[PDB]
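Shown below, as structure tokens, is a lone chain in the form deposited in one PDB entry; questions about how it binds or moves come after it.
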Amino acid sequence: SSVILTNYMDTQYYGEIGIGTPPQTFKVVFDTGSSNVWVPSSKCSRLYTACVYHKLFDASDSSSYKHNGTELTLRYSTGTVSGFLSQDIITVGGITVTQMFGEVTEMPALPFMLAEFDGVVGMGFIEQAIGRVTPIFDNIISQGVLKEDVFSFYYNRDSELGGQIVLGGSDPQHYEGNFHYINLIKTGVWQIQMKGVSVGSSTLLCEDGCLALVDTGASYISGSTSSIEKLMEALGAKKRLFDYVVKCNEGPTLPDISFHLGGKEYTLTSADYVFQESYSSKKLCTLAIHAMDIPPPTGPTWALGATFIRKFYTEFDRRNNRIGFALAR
């Protein structure tokens, strides 16, 4: 089973799922960086403008709904949501699974007014599930229907398909060469060992090794403030409140950046990490790489998001607790 995804500004990738009977449609980000499922709730006060602007799940319209009510709070690096647990039938790419999810009743304007999607579908391990709720992929696996215990991601560059997630396998149509795997530091987190980071010809970062969170729910490639300050100075990038910029005319001249993962160099070009929306030396261009201090136990860790996935098709192998990368096509 595959799910078609929409690409919004190269920063948000989402597809649709149905919840309840009849199905209530929602735009959701399939996020390997979290493990819970949630959508905005009809019980969300309209004082929360973000709830006025998104699709709200209304339990009172679903005959397959099952009440639970346990409260939960989901904390992401760029924001937080709070609400309660509910159960209903979810439809994902033709697959139907009974699933427990969060009905969000508190959704902050910043940053959710800026979200094109309504909710999130965690693709992480149950070990990271808030409220110890069974992750949706686990529940789909218990149906013994998928050919393989894996799922893959394809994030296209913006255009005008935006992206594609395959449940149970990979789509040869979107990658060339063969995969190259790296085992997880440990099951429970889509995180792997990173042997080094280099800017141009000089592994001036992550010597001695570091951690890499392969996050489909993250827009950019992130590192610790420390690491990024170093990387950026090398790029001659000026730091702003939320991002780093360069004079647009300097974008094309920026050096390559490579990530040493499992004995293989994954290199990004300036075209791969700068939003070149001009060549003017009188305009600033943002970089698709940010400083993001991720706390323990997961962090400090680097995070490989959409910026990286765009270039490398990614397969998340549950059965072998490994991640595979291949040249996206």
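Superpose the two forms; the largest set of C-alphas matching within 1.5 Å is the rigid core. Sequential numbering from 1, following the sequence displayed.
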{"property": "Size class of the missing deposited segment between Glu160 and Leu161", "result": "4 to 9"}
{"property": "105-113 versus 151-159 - which carries the larger mean C-alpha B factor in the record", "result": "151-159"}
{"property": "Mean temperature factor over C-alpha atoms, higher-scoring stretch between 317-325 and 304-312", "result": "317-325"}
{"property": "C-alpha B-factor winner, where the candidates are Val28, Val37, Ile294, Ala59", "result": "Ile294"}
{"property": "Residue with maximal Cα B-factor (values as given in the PDB entry) among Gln99, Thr78, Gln164, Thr253", "result": "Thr253"}
{"property": "Chain-relative CA temperature factor third for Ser41", "result": "lowest"}
{"property": "Position of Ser226 among the chain's modelled residues by C-alpha B-factor, lowest, middle or highest third", "result": "highest"}
{"property": "Within-chain third of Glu71 by Cα B-factor, per the entry", "result": "middle"}
{"property": "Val133 - Cα temperature factor, lowest/middle/highest third of chain", "result": "middle"}
{"property": "Cα B factor band for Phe125 (lowest, middle or highest third within the chain)", "result": "middle"}
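We do not show the form deposited in another entry, though everything after this point is about it.
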{"query": "Residue showing a 2 Å-or-more C-alpha displacement between this form and the one not shown once the rigid core is overlaid, selected from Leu268, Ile294, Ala291, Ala50", "finding": "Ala50"}
{"query": "Core-superposed comparison between this form and the one not shown, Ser170 Cα displacement 2 Å or beyond", "finding": "no"}
{"query": "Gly200 C-alpha relocation of at least 2 Å between this form and the one not shown, rigid core basis", "finding": "no"}
{"query": "Yes/no, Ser82 Cα shift of 2 Å or more between this form and the one not shown with rigid core fixed", "finding": "yes"}
{"query": "Change in CA distance between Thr78 and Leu213 in the other form, which is 3 Å or more, as closer or farther", "finding": "farther"}
{"query": "Relative Cα spacing, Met9 and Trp302, in the other form - shift of 3 Å or more", "finding": "closer"}
